[PDB]
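Q: Take a look and give me a structure for this.
(one chain, ligands or ions: 1)
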Amino acid sequence: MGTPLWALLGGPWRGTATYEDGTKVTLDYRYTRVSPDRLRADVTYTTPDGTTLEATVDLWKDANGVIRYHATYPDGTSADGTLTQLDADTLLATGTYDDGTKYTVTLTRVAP
Ligand SMILES: [K+]
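A: Numbers count the residues shown, from 1 in each chain. Structure data below:
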């Protein structure tokens, strides 16, 4: 079965993304739609160098049990990715932007 989709709903709705070089970015999010098979959230994060970015993210779990997401940004850009549970606290997120650029970050929910 793996990680239940609604596991993503718990705890404080804030986390940190850690990049390959150790850089960390804060993620603040708010769920706007919840159904047994699909979540949607508005996400805000401030990158290094101070740009503030907003995205709308749809999440679901495919029949192989993989948690997938599709993020859309105000400018029309999109990203498609997967979330893989590492331990109880952390997810591995790997995405591809519509320009072909890829990323890999870990996501950890801030402690309550
Ligand atoms: K944008």
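Q: For the protein, just list every one of the strands.
A: In the chain, the strands defined using DSSP state E lie at 14-18, 24-35, 38-46, 52-61, 67-72, 78-85, 90-97, 102-109.
Q: so which of these comes closest to residue 2?
A: For the strands of the chain, the distance to residue 2 is smallest for strand 78-85, at 6.9 Å, taking Cβ to Cβ. Where you see a C-beta, it was placed from the backbone N, CA and C, and this is true even at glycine.
Q: Partner strands of the closest one and their direction?
A: strand 67-72 (antiparallel), strand 90-97 (antiparallel) (DSSP bridges).
Q: Need phi/psi at whichever residue of the chain sits closest to the ion.
A: With Cβ to the ion, the shortest gap between the chain and the ion falls at residue 75, namely 3.5 Å. Backbone geometry at residue 75, expressed as degrees, to the nearest 10, gives phi -90, psi 0.
Q: cool, and residue 11?
A: Per-residue torsions, residue 11: phi 60, psi -180 (degrees, to the nearest 10).
Q: contacting residues for residue 2?
A: 61, 65, 66, 67, 85 (Cβ atoms under 8 Å, 6 or more residues apart in numbering).
Q: Can you convert the residues you listed into a markdown table and add a column each for neighbour count and distance to residue 28?
A: A markdown table is the format used below for those (neighbours: other Cβ atoms under 10 Å; distance: Cβ to Cβ, whole Å):
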| residue | neighbour count | distance to residue 28 |
| --- | --- | --- |
| 61 | 21 | 23 |
| 65 | 11 | 28 |
| 66 | 13 | 25 |
| 67 | 22 | 20 |
| 85 | 13 | 21 |
